[PDB]
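Chains as they are written, first to last, in PDB author numbering: chain F, 496 to 510, 531 to 545; chain w, 53 to 267.
Just so you know, even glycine gets a beta-carbon here, dropped at the ideal spot from N, CA and C.
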Ligand code: CLA
Ligand code: CLA
Ligand code: CLA
Ligand SMILES: CC1=C[C@H](O)CC(C)(C)[C@H]1/C=C/C(C)=C/C=C/C(C)=C/C=C/C=C(C)/C=C/C=C(C)/C=C/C1=C(C)C[C@H](O)CC1(C)C
Ligand SMILES: CC1=C[C@H](O)CC(C)(C)[C@H]1/C=C/C(C)=C/C=C/C(C)=C/C=C/C=C(C)/C=C/C=C(C)/C=C/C1=C(C)C[C@H](O)CC1(C)C
């Protein structure tokens with residue numbers, strides 16, 4: 496319905532945080 | 053637990069050059085090859101001690117290179133893979149250029165890098181040669197022990213197989229041995245009038261004779 500209530504025509508059926536991310540970049544070898 | 057890249061000073065009960073004696077107060081075991089040997093007290097001033105440590109390191113490396121370049125070609129000539137090698141007469145040979153112009157070119161080229169090393173000693177980190185790659189972090193090297201891509205392409209320092217202090221004392225000890233060796237070769241070439249390995253051969257046979265006391 497795209498948060499545009501007016502599109503409610505189906506009206507029925509047919510019958531995640533906490534991971535945390537850091538900035539990682541590849542770098543040259545030894 | 054991991055690899056420690058800092059030099060560990062020797063304990064105050066380390067072996068000394070003269071066991072039973074008191075080591076000097078300015079030699080606390082923080083330098084490579086520290087055996088408490090300073091009869092004249094030349095390392096009393098810490099700044100002069102650092103300069104003398106760098107000078108000893110430089111003399112060590114040049115002496116090891118010198119003795120290698122004397123012995124290995126001499127060992128090849130005795131084997132027979134060098135036709136007319138003689139380290140005493142090597143300076144008076146005929147090359148593609150005169151010794152004077154070669155000396156001037158060598159002076160310029162070597163005074164570039166010796167002077168870059170001088171600037172590093174005076175100002176550590178002022179000259180950096182190891183590349184500054186976008187996310188690689190370059191560890192800060194000790195003065196007189198540089199080396200990333202070029203001088204330490206093996207990563208044998210910085211705590212790898214033997215701790216940095218152990219390898220530094222090994223280097224310093226081999227260097228002192230090489231300085232003594234080179235001075236011995238310089239005196240033998242003008243005293244015995246022969247080569248190093250030949251002198252070793254005549255000393256190993258009948259060592260009671262063929263010595264300093266028989267020319
Ligand atoms: C660093 C070790 C070293 C070694 C292994 C040698 C080895 C040799 N030398 Mg040389 N020599 C050296 C340093 C050394 N020299 C030094 C520092 C000098 C003078 C500044 C000389 C000057 C010299 C002369 C004038 C003669 C030799 C000759 C010889 C032979 C011994 C016989 C002798 O009379 O000389 C002993 C001479 C001395 C002046 C003693 C110097 C000893 C230094 C101070 C310390 C070395 C001790 C230390 C424990 C080394 C470890 C031994 C081993 C594990 C390497 C032998 C082949 C002789 C030769 O070959 O004749 C046929 C000879 O005529 N040498
Ligand atoms: C190239 C010069 C050289 C220099 C600058 C040094 C410098 C140093 N030494 Mg090393 N050392 C050398 C060669 C050198 N060494 C050699 C050849 C040996 C074996 C004999 C040793 C064995 C040694 C030991 C056993 C110890 C040191 C230690 C020290 C440190 C304190 C002492 C001092 O203040 O030195 C100041 C030195 C100089 C300014 C040189 C002065 C020399 C006079 C002016 C003349 C040279 C004498 C004569 C010509 C010798 C000829 C050869 C001989 C066989 C006849 C300092 C980093 C101590 C340490 O703590 O290690 C870091 C210590 O325990 N050294
Ligand atoms: C004689 C023994 C010796 C020893 C034990 C040391 C020890 C030390 N050095 Mg010193 N060094 C020496 C001689 C020595 N050095 C010489 C002659 C020079 C003048 C060129 C230097 C100048 C120097 C620099 C500029 C640097 C060091 C660094 C270091 C560390 C590296 C580990 C090591 O070198 O490998 C121990 C094992 C060896 C030395 C074996 C000997 C090598 C054989 C003879 C030949 C090499 C084989 C082959 C021909 C090379 C590969 C071929 C390839 C180019 C195609 C360690 C603390 C690094 C540092 O301190 O950073 C933390 C640093 O970057 N050293
Ligand atoms: C007494 C005292 C006192 C106080 O207290 C303390 C102390 C200071 C510790 C003590 C001790 C001292 C001492 C003993 C010292 C010594 C030194 C030396 C020996 C050096 C050498 C050193 C040495 C060195 C560098 C060397 C160098 C060399 C060279 C470059 C060479 C070159 C060459 C070659 C190869 C070959 C060719 O064909 C020729 C030429 C070209 C010629
Ligand atoms: C005198 C006489 C007399 C009679 O006649 C006879 C007789 C007895 C034989 C004699 C004696 C002798 C002697 C004892 C000698 C000694 C010597 C030495 C010690 C050397 C070293 C020597 C030594 C040497 C070269 C060394 C070198 C080294 C090098 C380059 C290094 C390199 C490197 C580095 C840094 C780092 C990285 O990461 C790795 C690499 C890249 C690897």
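Under 9 Å from the C-beta of residue i: neighbouring residues of chain w
i, result
"residue 543 of chain F", "183, 185, 186, 187 and 188"
Chain F residues whose Cβ lies nearer than 7 Å to that of residue i
i, result
"residue 207 of chain w", "545"
Three-state class that DSSP yields for residue i in the structure shown
i, result
"residue 140 of chain w", "coil"
"residue 147 of chain w", "coil"
"residue 540 of chain F", "coil"
"residue 194 of chain w", "strand"
"residue 62 of chain w", "coil"
"residue 223 of chain w", "helix"
"residue 118 of chain w", "helix"
"residue 188 of chain w", "coil"
"residue 101 of chain w", "helix"
"residue 240 of chain w", "helix"
Reference residue i, options the options, closest by Cα
i, options, result
"residue 544 of chain F", "w:67, w:153 and w:207", "w:207"
"residue 138 of chain w", "w:122, w:155, w:71 and w:64", "w:122"
"residue 219 of chain w", "w:61, w:53, w:78 and w:84", "w:84"
"residue 171 of chain w", "w:182, w:128, w:226 and w:195", "w:195"
"residue 114 of chain w", "w:183, w:95, w:211 and w:229", "w:229"
"residue 64 of chain w", "w:95, w:76 and w:101", "w:76"
"residue 235 of chain w", "w:141, w:250, w:156 and w:112", "w:112"
"residue 223 of chain w", "w:237, w:105 and w:177", "w:105"
Within chain w, the residues that residue i reaches when beta carbons sit closer than 7 Å
i, result
"residue 540 of chain F", "187"
*Can you list, in chain order, the residues of the region 185 to 202 of chain w whose Cβ is nearer than 8 Å to any Cβ on chain F?*
185, 186, 187 and 188
*Nearest-residue set for ligand 6, Cβ under 6 Å from any heavy atom*: Among the ligands in the structure shown, ligand 6 does not appear; only ligand 1, ligand 2, ligand 3, ligand 4 and ligand 5 can be found there.
_Closer than 6 Å: residues whose CB approaches a heavy atom of ligand 2_ = w:69, w:79, w:83, w:85, w:86, w:87, w:88, w:89, w:90, w:94, w:95, w:104, w:105, w:107, w:108, w:111, w:228, w:231, w:232 and w:235
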